[PDB]
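See below for the structure under consideration.
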Amino acid sequence: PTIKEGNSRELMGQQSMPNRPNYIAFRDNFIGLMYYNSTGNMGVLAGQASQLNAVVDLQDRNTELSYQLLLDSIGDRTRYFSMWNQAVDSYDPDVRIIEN
Amino acid sequence: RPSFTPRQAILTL
Amino acid sequence: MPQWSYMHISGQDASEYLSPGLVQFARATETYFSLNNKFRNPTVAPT
Amino acid sequence: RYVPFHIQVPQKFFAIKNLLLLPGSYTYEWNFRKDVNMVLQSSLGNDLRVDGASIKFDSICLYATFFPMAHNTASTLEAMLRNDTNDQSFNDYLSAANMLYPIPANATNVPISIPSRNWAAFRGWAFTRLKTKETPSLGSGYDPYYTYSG
Amino acid sequence: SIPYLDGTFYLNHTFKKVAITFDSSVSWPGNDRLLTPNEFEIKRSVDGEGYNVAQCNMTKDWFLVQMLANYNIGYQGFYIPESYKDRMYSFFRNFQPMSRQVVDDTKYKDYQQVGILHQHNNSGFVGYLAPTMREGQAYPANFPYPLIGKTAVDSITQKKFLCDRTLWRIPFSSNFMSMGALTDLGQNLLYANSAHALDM
Amino acid sequence: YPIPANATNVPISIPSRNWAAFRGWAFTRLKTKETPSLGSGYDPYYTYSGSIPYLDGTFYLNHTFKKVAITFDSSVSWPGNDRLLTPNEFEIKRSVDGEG
Amino acid sequence: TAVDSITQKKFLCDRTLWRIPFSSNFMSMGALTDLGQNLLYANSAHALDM
Amino acid sequence: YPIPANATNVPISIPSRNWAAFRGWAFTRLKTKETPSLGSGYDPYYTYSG
Amino acid sequence: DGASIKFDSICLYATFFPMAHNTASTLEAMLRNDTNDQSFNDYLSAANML
Amino acid sequence: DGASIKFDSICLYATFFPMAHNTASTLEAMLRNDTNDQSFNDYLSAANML
Amino acid sequence: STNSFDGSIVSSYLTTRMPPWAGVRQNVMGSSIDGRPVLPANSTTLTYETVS
Amino acid sequence: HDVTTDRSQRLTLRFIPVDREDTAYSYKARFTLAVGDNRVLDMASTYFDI
Amino acid sequence: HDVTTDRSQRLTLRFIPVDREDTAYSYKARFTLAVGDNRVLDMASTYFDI
Amino acid sequence: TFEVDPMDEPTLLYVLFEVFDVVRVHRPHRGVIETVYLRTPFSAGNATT
């Protein structure tokens with residue numbers, strides 16, 4: 001109501017608005033934590049004498065995206081776990097699909 | 001074997 | 001098809017590519033090593 | 001705004017997902033993400049790099065929860081796998097070539113042409129689109145080409 | 001409601017360690033099979049995160065055993081069992097690892113502790129101590145303590161777990177897996193003829 | 001081929017031909033107005049007689065180049081053997097993430 | 001003086017051209033290069049997207 | 001493929017074909033002022049009838 | 001006169017060959033044997049008295 | 001009363017036996033025995049109660 | 001009568017893959033960790049090679 | 001008797017990487033792990049405790 | 001084809017000191033770097049980066 | 001030519017070629033990796049362990 005900082009009379013009719021929430025969490029099964037598909041930070045799985053980098057994956061194949069839609073097939077994806085956070089990003093069928 | 005002056009001597013107990 | 005001789009998706013329908021003497025443990029005490037996915041089965045389609 | 005904890009992260013790699021490891025000698029390397037924007041997800045979607053949040057870890061511990069393997073059948077199970085005959089393939093239903101050609105600006109038409117190339121096997125085609133701001137630059141790791149931590 | 005009738009058990013989360021003895025001298029894990037040499041730590045609250053699991057305080061010498069109990073997983077990896085193996089009395093249908101965030105001991109400029117005396121937030125409106133009508137002014141709160149967002153309040157999480165409607169099962173085999181009624185070292189030949197004790 | 005008035009992207013899209021023998025490559029950068037156009041013999045638009053980079057050999061622009069990125073088979077870069085540390089992109093210029 | 005400041009570093013390139021080997025064993029040896037002359041990269045005509 | 005306004009420079013580079021039969025070439029201008037985009041069956045697109 | 005120095009991180013670069021893999025296991029053999037060795041000296045391969 | 005101990009330069013030390021490898025490698029392989037091993041006890045051979 | 005118009009045709013000129021390198025998006029200022037962010041997506045400051 | 005182990009063997013190996021590297025985005029660790037001379041190891045059960 | 005490699009291998013390697021030193025007058029760059037047995041680490045081209 | 005609806009904000013059309021990119025794991029002796037990666041309809045699987 002008033003254009004003053006600290007002391008003013010007209011601030012008596014001041015209406016307060018609540019701040020919006022945002023949960024800082026992790027995507028399904030902690031995905032996007034390791035550089036599987038990334039090339040500069042590629043995994044070097046070698047032998048102690050052999051010294052040959054086995055793990056090879058380029059930009060054209062998202063390795064994290066690959067197993068995730070296979071996780072859609074292995075049983076029901078609604079079964080929650082803690083060491084394997086089955087946090088399927090979702091909404092209510094009432095929230096988006098508006099039932100007026 | 002040691003690539004200086006090679007010898008073969010072993011004892012088993 | 002000779003290019004799948006390594007890949008084994010074209011080489012033997014689905015089971016007999018490895019040592020077929022280890023099939024015992026799968027059909028008899030399989031529950032410990034329920035393993036038909038390590039060797040993933042080939043796809044088949046008529047033409 | 002301050003949570004000290006630990007978490008467990010398994011192999012998300014399609015090719016080494018569930019493999020046996022034979023007795024021997026090996027060495028491994030894996031990379032994790034320090035940049036708060038890409039690794040941690042927000043609901044509403046906001047940058048976490050300059051906005052207070054920072055990432056710090058104290059200890060890394062590798063684990064091996066294997067079967068207590070039979071020692072009367074010790075040399076038998078390993079020696080079979082010790083052949084060019086015994087191998088392990090790891091296939092997928094979706095075997096992707098996920099490149100990216102967007103609709104920059106006000107786009108309504110999108111053509112695609114790849115010059116004479118080998119085609120052998122095929123399973124199908126999938127088409128859908130997601131915001132350029134929502135996606136990071138996946139070359140080196142982190143870049144200020146990403147802020148939408150949603 | 002009695003625990004002994006409808007699987008109504010609840011204080012099944014209140015367990016620390018159940019270490020076994022087989023001949024009144026050596027422990028049953030004596031044959032070094034676990035991380036802990038003798039003790040069956042069900043839970044260890046924050047001493048070496050590596051004993052704990054990612055979102056629970058449970059020690060990982062029992063975390064494998066409960067997955068190994070009725071389910072045939074733990075050696076291959078960790079399957080999330082399909083929709084038939086789990087009944088409403090089996091594991092993880094009853095418990096889920098969980099955490100809070102409260103207050104530490106010493107950090108702030110001014111901190112004088114508040115108990116039940118004077119809950120300040122919106123008391124004198126609806127409920128001060130008993131259900132009564134409006135009897136007070138409007139004013140900020142005392143007790144309710146944030147840790148979230150703009151307010152610079154710092155503390156550590158209090159992580160644990162809550163198991164109730166489940167029974168702790170252990171097999172008797174060499175591997176320890178409940179494959180059928182008879183296990184590999186359950187009633188073998190030594191485990192059928194000789195006499196032993198239990199001081200666990 | 002030229003680079004736009006303020007933009008900094010360009011590809012190469014040339015069709016299939018026999019690639020029997022090679023020795024190497026040599027990229028170079030030079031202004032359009034600093035270079036005459038061939039064919040007819042005479043140029044009207046080319047109102048800039050001096051400081052020609054290409055037709056003389058004098059070359060100040062190579063340093064501006066950011067990253068060489070090579071692809072033939074639309075999948076894998078030049079070392080299809082994952083030889084160099086960065087497999088796809090080959091940095092000339094740096095935005096500095098690790099100065100080592 | 002007592003001032004707080006941070007530097008920047010930039011390279012130059014005058015009068016020289018880019019050079020790259022066409023070899024598996026990264027070394028530009030001859031017209032008959034190690035991979036550039038090799039038959040697997042010199043088969044039937046294929047695509048380009050540099 | 002169209003020639004845009006004030007944009008007189010036109011490119012053409014057709015990807016590698018398995019082409020055989022040929023008697024020659026042909027090229028001529030065409031106006032969007034007088035051409036609709038036919039394929040749907042019906043088009044309001046043609047805001048002309050020239 | 002008011003100066004201090006401390007190191008942080010040291011990166012070891014051994015820019016090694018993309019050598020022939022079959023030759024990498026075989027072309028070591030003579031120096032891998034007892035007879036051959038890499039003797040490497042200076043003009044000043046010496047000691048000094050001060 | 002205002003006082004604290006912090007830490008700055010930490011080191012481990014190990015004063016080995018300067019032995020002839022001829023006797024060192026022989027008896028470390030003889031301590032590598034299934035029967036010939038090591039056992040250490042205590043003067044306080046006692047348990048505790050609280 | 002009111003709309004603002006440009007003769008825009010996207011059908012002729014191709015839309016081939018923009019290759020996922022280490023920063024070639026259209027226009028993102030974004031945010032870096034503690035060392036300040038890059039101004040624009042493809043502006044004249046990435047030319048200035050900066051160290052922290 | 002023709003199945004699972006009777007002799008002593010620990011189910012899990014609480015392993016620590018030898019060298020550490022931290023930088024702007026990466027959290028590198030070169031862990032040197034050798035699988036026991038007789039016993040096997042499963043990859044689906046392998047994880048990282050951070 | 002005789003002196004070539006069609007295998008997956010690296011070219012540039014980087015290692016860190018496992019034992020980091022923080023003393024008054026010295027830094028011990030303590031690398032536990034093992035040479036690849038089918039690789040050839042060039043001691044000619046081995047250097048430190050500070 | 002993939003004709004589509006116009007977008008308000010710039011997007012990214014995920015082109016998905018469902019082609020083959022499978023592994024094959026060997027271990028001839030104790031400490032070897034003979035693991036075969038293949039990009040078959042790519043035909044650019046030029047090198048593997």
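Ordering of the structure tokens sets the chain letters (A, B, ...); residue numbers start at 1 within each chain; ligands are numbered from 1 in the order shown.
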message = To test your reading of the structure, identify every residue in chain N that backbone DSSP assigns to strand (DSSP E or B), and report it as a list in words.
response =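 Matching residues, listed in order: residues 13, 14, 15, 16, 17, 23, 24, 25, 36 and 37 of chain N.
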message = How large is the C-alpha RMSD when chain M is optimally fitted onto chain L, using all Cα positions paired one-to-one in sequence order?
response =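 C-alpha RMSD after optimal superposition stands at 1.1 Å.
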query = Can you list, as number ranges by chain, every residue of chain I that DSSP puts in alpha helix (DSSP H)?
reply = I: 21-24
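Rounded to one decimal, CA of residue 70 in chain F and CA of residue 89 in chain F lie 7.6 Å from each other.
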Go through chain B and flag each residue having an atom no more than 12 Å from chain I; for those, report the closest pair of atoms plus their distance in Å to one decimal, using only C-alpha atoms, ordered by chain and rising number, as a Markdown table.
```
| residue | atom | partner | partner_atom | distance |
| --- | --- | --- | --- | --- |
| B:1 | CA | I:34 | CA | 7.2 |
| B:2 | CA | I:34 | CA | 7.7 |
| B:3 | CA | I:34 | CA | 4.6 |
| B:4 | CA | I:34 | CA | 7.7 |
| B:5 | CA | I:34 | CA | 9.3 |
| B:6 | CA | I:34 | CA | 9.0 |
```
Restricting the output to C-alpha atoms, write the selected residues as a PDB file, in the first residue's frame.
```
ATOM      1  CA  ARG B   1      68.265 -63.683 -14.320  1.00  0.00           C
ATOM      2  CA  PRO B   2      69.526 -60.509 -12.540  1.00  0.00           C
ATOM      3  CA  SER B   3      70.937 -59.209 -15.887  1.00  0.00           C
ATOM      4  CA  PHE B   4      74.397 -58.483 -14.389  1.00  0.00           C
ATOM      5  CA  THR B   5      75.852 -61.968 -13.735  1.00  0.00           C
ATOM      6  CA  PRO B   6      73.299 -64.871 -13.858  1.00  0.00           C
TER       7      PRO B   6
END
```
Selection near range 12-23 of chain K, 6 Å with only C-alpha atoms, sequence-local residues under 6 positions removed, as a list in words =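 Skipping anything fewer than 6 positions along the chain leaves residues 100, 101, 110, 111, 112, 137, 139 and 140 of chain D; 1 of chain H.
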Compile a residue-level contact table for chain M against chain A at a cut-off of 9 Å, reporting for every qualifying residue the shortest atom pair and its distance in Å to one decimal, with only C-alpha atoms counted, rows ordered by chain and ascending number, as a Markdown table.
```
| residue | atom | partner | partner_atom | distance |
| --- | --- | --- | --- | --- |
| M:8 | CA | A:53 | CA | 6.8 |
| M:9 | CA | A:52 | CA | 6.2 |
| M:10 | CA | A:53 | CA | 7.8 |
| M:34 | CA | A:48 | CA | 8.1 |
| M:35 | CA | A:49 | CA | 8.2 |
| M:36 | CA | A:51 | CA | 5.2 |
| M:37 | CA | A:49 | CA | 5.3 |
| M:38 | CA | A:50 | CA | 6.6 |
| M:39 | CA | A:51 | CA | 7.8 |
```
Create the file for the chosen residues now, containing N, CA, C and O atoms and written as a tab-separated table (two decimals), in the first residue's frame.
```tsv
chain	number	residue	atom	x	y	z
M	8	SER	N	41.03	-50.30	-29.50
M	8	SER	CA	40.67	-49.21	-28.60
M	8	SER	C	41.76	-48.97	-27.56
M	8	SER	O	42.03	-49.83	-26.71
M	9	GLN	N	42.39	-47.80	-27.64
M	9	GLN	CA	43.47	-47.38	-26.72
M	9	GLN	C	43.52	-45.86	-26.57
M	9	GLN	O	43.05	-45.13	-27.45
M	10	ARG	N	44.09	-45.39	-25.46
M	10	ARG	CA	44.24	-43.95	-25.20
M	10	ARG	C	45.53	-43.37	-25.82
M	10	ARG	O	46.35	-44.11	-26.36
M	34	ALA	N	51.36	-47.19	-13.17
M	34	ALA	CA	51.83	-48.41	-13.82
M	34	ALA	C	51.70	-48.31	-15.33
M	34	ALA	O	50.65	-47.91	-15.85
M	35	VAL	N	52.78	-48.66	-16.03
M	35	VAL	CA	52.82	-48.68	-17.50
M	35	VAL	C	51.98	-49.84	-18.05
M	35	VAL	O	51.99	-50.95	-17.49
M	36	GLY	N	51.22	-49.57	-19.11
M	36	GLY	CA	50.44	-50.59	-19.82
M	36	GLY	C	51.35	-51.60	-20.49
M	36	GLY	O	52.29	-51.22	-21.19
M	37	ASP	N	51.07	-52.88	-20.27
M	37	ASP	CA	51.91	-53.98	-20.76
M	37	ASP	C	51.86	-54.18	-22.28
M	37	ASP	O	52.80	-54.72	-22.87
M	38	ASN	N	50.75	-53.77	-22.89
M	38	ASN	CA	50.63	-53.72	-24.35
M	38	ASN	C	50.63	-52.26	-24.85
M	38	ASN	O	50.17	-51.96	-25.96
M	39	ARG	N	51.16	-51.37	-24.01
M	39	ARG	CA	51.35	-49.96	-24.32
M	39	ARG	C	52.83	-49.59	-24.18
M	39	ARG	O	53.61	-50.35	-23.59
```
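For residue 60 in chain D, the non-local neighbours within 8 Å, defined as residues at least 6 positions apart in the same chain or in other chains and counting only C-alpha atoms, are residues 16, 17, 48, 49 and 50 of chain L.
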key: CA of residue 79 in chain D to CA of residue 12 in chain D, distance in Å rounded to a single decimal   =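 So the two atoms, CA of residue 79 in chain D and CA of residue 12 in chain D, lie 28.3 Å apart.
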query = Do you have the CA of residue 9 in chain F-CA of residue 43 in chain K distance handy?
reply =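 Pair CA of residue 9 in chain F / CA of residue 43 in chain K returns 11.7 Å.
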Where does chain L meet chain M within 12 Å, residue by residue, with the nearest atom pair and distance in Å to one decimal for each, counting only C-alpha atoms, listed by chain and rising number, as a Markdown table?
```
| residue | atom | partner | partner_atom | distance |
| --- | --- | --- | --- | --- |
| L:17 | CA | M:18 | CA | 9.9 |
| L:18 | CA | M:18 | CA | 6.7 |
| L:19 | CA | M:18 | CA | 4.5 |
| L:20 | CA | M:18 | CA | 6.5 |
| L:21 | CA | M:16 | CA | 6.8 |
| L:22 | CA | M:16 | CA | 10.1 |
| L:23 | CA | M:16 | CA | 11.6 |
| L:28 | CA | M:16 | CA | 10.2 |
| L:29 | CA | M:16 | CA | 10.1 |
| L:30 | CA | M:15 | CA | 9.3 |
| L:31 | CA | M:18 | CA | 11.4 |
| L:32 | CA | M:32 | CA | 10.7 |
```
task = Would you give me, as number ranges by chain, the residues of chain N that come within 12 Å of chain G, using only C-alpha atoms?
result = N: 42-44, 46-47
Contacts of residue 35 in chain F at 7 Å (only C-alpha atoms; same-chain gap of 3+ positions) as an mmCIF file with N, CA, C and O atoms, in the first residue's frame:
```cif
data_model
loop_
_atom_site.group_PDB
_atom_site.id
_atom_site.type_symbol
_atom_site.label_atom_id
_atom_site.label_comp_id
_atom_site.auth_asym_id
_atom_site.auth_seq_id
_atom_site.Cartn_x
_atom_site.Cartn_y
_atom_site.Cartn_z
ATOM 1 N N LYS F 31 38.423 -13.018 -44.438
ATOM 2 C CA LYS F 31 37.269 -12.162 -44.774
ATOM 3 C C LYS F 31 36.816 -12.302 -46.231
ATOM 4 O O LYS F 31 37.636 -12.549 -47.119
ATOM 5 N N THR F 32 35.510 -12.138 -46.457
ATOM 6 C CA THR F 32 34.902 -12.242 -47.794
ATOM 7 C C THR F 32 35.253 -11.038 -48.679
ATOM 8 O O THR F 32 35.575 -11.209 -49.857
ATOM 9 N N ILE F 52 45.367 -9.389 -48.601
ATOM 10 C CA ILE F 52 44.683 -10.617 -49.022
ATOM 11 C C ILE F 52 45.318 -11.814 -48.304
ATOM 12 O O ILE F 52 46.522 -12.058 -48.456
#
```
Chain D contacts on chain A, only C-alpha atoms, 7 Å, as a list in words = residues 22, 23, 24, 25, 26, 27, 32, 33, 34, 35, 36, 38, 39, 40, 41, 43, 44, 45, 46, 47, 48, 60, 61, 62, 63, 64, 66, 67 and 83 of chain A
Atoms kept (N, CA, C and O atoms) for selection, written as a tab-separated table (two decimals), in the first residue's frame:
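The resulting file, part-v9.tsv, is shown below:
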```
chain	number	residue	atom	x	y	z
A	22	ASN	N	9.22	-25.46	-4.16
A	22	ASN	CA	9.94	-26.32	-5.11
A	22	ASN	C	10.84	-27.32	-4.38
A	22	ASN	O	11.80	-26.93	-3.70
A	23	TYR	N	10.50	-28.60	-4.52
A	23	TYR	CA	11.25	-29.70	-3.91
A	23	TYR	C	12.54	-29.96	-4.67
A	23	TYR	O	12.51	-30.24	-5.87
A	24	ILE	N	13.68	-29.85	-3.98
A	24	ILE	CA	14.98	-30.21	-4.56
A	24	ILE	C	15.27	-31.68	-4.25
A	24	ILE	O	15.69	-32.04	-3.14
A	25	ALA	N	15.01	-32.53	-5.25
A	25	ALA	CA	15.14	-33.98	-5.12
A	25	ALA	C	15.96	-34.59	-6.26
A	25	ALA	O	16.71	-33.88	-6.94
A	26	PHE	N	15.78	-35.91	-6.46
A	26	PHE	CA	16.46	-36.63	-7.53
A	26	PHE	C	15.44	-37.28	-8.46
A	26	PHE	O	14.33	-37.62	-8.05
A	27	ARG	N	15.85	-37.41	-9.70
A	27	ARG	CA	15.06	-38.05	-10.71
A	27	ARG	C	15.10	-39.54	-10.46
A	27	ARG	O	15.89	-40.01	-9.64
A	32	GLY	N	21.34	-39.25	-13.96
A	32	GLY	CA	22.05	-38.01	-14.27
A	32	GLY	C	23.02	-37.69	-13.15
A	32	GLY	O	23.17	-36.53	-12.76
A	33	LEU	N	23.67	-38.73	-12.63
A	33	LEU	CA	24.64	-38.61	-11.53
A	33	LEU	C	26.05	-38.96	-11.98
A	33	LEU	O	27.03	-38.41	-11.46
A	34	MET	N	26.15	-39.89	-12.93
A	34	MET	CA	27.44	-40.34	-13.47
A	34	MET	C	27.50	-40.13	-14.98
A	34	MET	O	26.48	-40.20	-15.67
A	35	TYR	N	28.71	-39.89	-15.48
A	35	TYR	CA	28.94	-39.63	-16.90
A	35	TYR	C	29.08	-40.93	-17.72
A	35	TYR	O	30.17	-41.28	-18.18
A	36	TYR	N	27.95	-41.63	-17.89
A	36	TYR	CA	27.89	-42.87	-18.67
A	36	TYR	C	27.99	-42.61	-20.17
A	36	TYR	O	28.84	-43.19	-20.85
A	38	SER	N	28.50	-39.51	-21.56
A	38	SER	CA	29.49	-38.46	-21.81
A	38	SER	C	30.85	-39.06	-22.18
A	38	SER	O	31.22	-40.14	-21.70
A	39	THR	N	31.59	-38.33	-23.02
A	39	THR	CA	32.77	-38.86	-23.69
A	39	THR	C	34.11	-38.40	-23.10
A	39	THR	O	35.07	-39.17	-23.08
A	40	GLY	N	34.15	-37.15	-22.64
A	40	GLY	CA	35.34	-36.59	-21.97
A	40	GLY	C	35.57	-37.21	-20.60
A	40	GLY	O	36.72	-37.39	-20.18
A	41	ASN	N	34.47	-37.53	-19.92
A	41	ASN	CA	34.50	-38.18	-18.61
A	41	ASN	C	34.05	-39.65	-18.72
A	41	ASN	O	33.24	-40.13	-17.91
A	43	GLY	N	34.23	-43.83	-18.72
A	43	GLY	CA	34.71	-44.87	-17.82
A	43	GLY	C	35.84	-45.68	-18.43
A	43	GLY	O	35.73	-46.14	-19.57
A	44	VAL	N	36.93	-45.82	-17.67
A	44	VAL	CA	38.08	-46.62	-18.10
A	44	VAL	C	38.14	-47.90	-17.26
A	44	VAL	O	38.68	-47.91	-16.15
A	45	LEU	N	37.54	-48.96	-17.80
A	45	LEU	CA	37.56	-50.28	-17.17
A	45	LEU	C	38.59	-51.17	-17.85
A	45	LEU	O	38.35	-51.74	-18.93
A	46	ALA	N	39.75	-51.28	-17.21
A	46	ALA	CA	40.93	-51.93	-17.77
A	46	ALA	C	41.46	-53.06	-16.88
A	46	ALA	O	40.89	-53.35	-15.82
A	47	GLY	N	42.52	-53.72	-17.34
A	47	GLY	CA	43.26	-54.70	-16.54
A	47	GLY	C	44.52	-54.08	-15.95
A	47	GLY	O	44.97	-53.03	-16.42
A	48	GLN	N	45.07	-54.73	-14.93
A	48	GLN	CA	46.31	-54.27	-14.29
A	48	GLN	C	47.55	-54.42	-15.17
A	48	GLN	O	48.49	-53.62	-15.06
A	60	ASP	N	25.71	-40.18	-29.45
A	60	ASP	CA	24.55	-40.74	-30.15
A	60	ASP	C	23.72	-41.74	-29.33
A	60	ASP	O	22.60	-42.06	-29.72
A	61	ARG	N	24.27	-42.23	-28.22
A	61	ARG	CA	23.53	-43.14	-27.35
A	61	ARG	C	23.60	-42.69	-25.89
A	61	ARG	O	24.67	-42.73	-25.26
A	62	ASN	N	22.45	-42.26	-25.37
A	62	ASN	CA	22.31	-41.92	-23.96
A	62	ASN	C	22.14	-43.21	-23.16
A	62	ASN	O	21.09	-43.86	-23.20
A	63	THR	N	23.21	-43.56	-22.44
A	63	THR	CA	23.31	-44.82	-21.69
A	63	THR	C	22.37	-44.85	-20.48
A	63	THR	O	21.86	-45.91	-20.11
A	64	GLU	N	22.15	-43.68	-19.88
A	64	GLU	CA	21.21	-43.53	-18.77
A	64	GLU	C	19.75	-43.62	-19.24
A	64	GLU	O	18.91	-44.21	-18.56
A	66	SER	N	18.84	-45.32	-21.86
A	66	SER	CA	18.69	-46.68	-22.40
A	66	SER	C	18.11	-47.69	-21.41
A	66	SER	O	17.17	-48.42	-21.74
A	67	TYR	N	18.66	-47.72	-20.19
A	67	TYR	CA	18.21	-48.65	-19.15
A	67	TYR	C	16.89	-48.22	-18.49
A	67	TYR	O	16.19	-49.06	-17.91
A	83	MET	N	17.37	-47.33	-1.69
A	83	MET	CA	18.70	-47.42	-2.31
A	83	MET	C	18.63	-47.28	-3.84
A	83	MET	O	19.65	-47.04	-4.49
```
